[PDB]
């Protein structure tokens, strides 16, 4: 279920963080504009960049944290607030987040591994609602 998925992802955080992040950018190419230093780089090129592996794992570490603190896939309002208030998210709208989750759910469904992908979709929904309530446009 959802709790196991968090352990699956945590178990191999660097691989899943990079794989899901790349799936996001591949499904939604225009989202790369927010990561100005990843522009014009192949997957392998990105994986050689210290801050790619760092950015991504840390992004997903925090997602897992928010995920593990949620009850029935409902995140804490205080977690949603952190994500709104982070200056790296100043320009973002809830639309950017929804897209991360559509990509993540699609990745899960396509994987060999056995995710509770509809829980992740619901989590993505409850998080978007929370972001909006915390003042994200």
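Rigid core: the largest C-alpha set superposing within 1.5 Å between the two forms. Numbering follows the first chain given and starts at 1.
Between 24-32 and 42-50, larger RMS Cα displacement in 7 other deposited structures of this protein after core fit = Clearly, after the core fit, the stretch farther away in 7 other deposited structures of this protein is 42-50.
Fitting on the core, do the C-alphas of 108-116 or of 69-77 deviate more in 7 other deposited structures of this protein?
-> After superposing on the rigid core, the more displaced stretch in 7 other deposited structures of this protein is 108-116.
Segment of higher mean CA temperature factor, 22-30 or 60-68 | Looking at the recorded C-alpha B-factors, 22-30 comes out higher on average.
Give the stretch, out of 40-48 and 106-114, with the larger mean C-alpha temperature factor in the deposited entry.
-> The recorded data point to 40-48.
Given 86, 100, 73, 76, the residue at which the Cα B factor reaches its maximum = When the deposited C-alpha B-factors of 86, 100, 73, 76 are compared, 86 is largest.
If you rank the chain by CA B-factor, which third does residue 131 end up in: lowest, middle or highest?
-> For residue 131, whose C-alpha B-factor we compare with every modelled residue in the chain, the answer is the middle third.
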